[PDB]
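For what it's worth, the entry's author numbering labels the leading residue of the sequence shown as 1, then goes sequentially.
Ideal Cβ positions, reconstructed from N, Cα and C, are used throughout, including at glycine.
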Amino acid sequence: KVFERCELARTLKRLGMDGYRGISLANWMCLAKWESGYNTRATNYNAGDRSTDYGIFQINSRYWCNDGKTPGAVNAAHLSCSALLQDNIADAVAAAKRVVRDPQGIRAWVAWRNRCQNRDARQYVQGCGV
């Protein structure tokens, strides 16, 4: 599924993401935007380390979800990576919350530092009623 901007904003608010671990909804929106373009079935193979990024938040298979083919893999979140390709993003949200529970917070995603950190992120939630 490819979410509409405001549709996603409201869904994330309803799932308790606004202010989760000090992270505003606008920042989570900025992350999803640059990570997948609000696309739940987005996948990205990292040829260099043989891991794959799954879903709307591009969660990596070496640490957060299990896909069986990732060398030296860990399953901190404890999810099957398949769960992160569903239209219903409840599992991708529980996974995302787990990622930010580590000291890096939202900085775990390099894309966040590149295009979200220290920018005006209001544009991602303006007009959505959240």
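Less than 7 Å between C-beta atoms, sequence neighbours within five positions excluded: which residues of the same chain meet that for residue 28? By one-based count along the sequence shown, residue 28 stands at place 28. 12, 17, listed in sequence order.
Is residue 69 buried or exposed, if buried means 16 or more other CB atoms sit within 10 Å of its CB? The residue labelled residue 69 in the question sits at position 69 within the sequence shown. With fewer than 16 Cβ atoms within 10 Å of its Cβ, residue 69 is classed as exposed.
If you run the structure through DSSP and keep just helix, strand and coil, what is residue 91? Taking the first residue of the sequence shown as position 1, residue 91 is located at position 91. Here residue 91 sits in helix by DSSP.
Does the Cβ of residue 131 have 16 or more other Cβ atoms within 10 Å, making it buried, or fewer, making it exposed? Residue 131 lies beyond the stretch modelled for the chain, which goes from 1 to 130, so this question has no answer here.
What is the C-beta distance between residue 111 and residue 34, in whole angstroms, given that I count them as a contact (C-beta under 8 Å)? For the purposes of this step, residue 111 is taken as the residue at position 111 of the sequence shown. For the purposes of this step, residue 34 is taken as the residue at position 34 of the sequence shown. Residue 111 to residue 34, Cβ: 5 Å. Contact.
How many angstroms separate the CA atom of residue 45 from the CA atom of residue 120? In the sequence shown, counting from the first residue as 1, residue 45 sits at position 45. In the sequence shown, counting from the first residue as 1, residue 120 sits at position 120. Those two C-alpha atoms are separated by around 30 Å.
Do the CB positions of residue 79 and residue 95 come within less than 7 Å of each other? In the sequence shown, residue 79 corresponds to position 79, counting from 1. In the sequence shown, residue 95 corresponds to position 95, counting from 1. Cβ atoms of residue 79 and residue 95: closer than 7 Å.
Given that a residue counts as buried once 16 or more other Cβ atoms are within 10 Å of its Cβ, and exposed if not, what is residue 99? Here residue 99 is taken as the residue at index 99 of the sequence shown, counted from 1. The residue in question, residue 99, is buried, as its Cβ has 16 or more Cβ neighbours within 10 Å.
Residue range of the alpha helix (DSSP H) that residue 27 falls in? For the purposes of this step, residue 27 is identified with residue 27 of the sequence shown, where counting begins at 1. Unbroken alpha helix (DSSP H) run through residue 27: 25-36.
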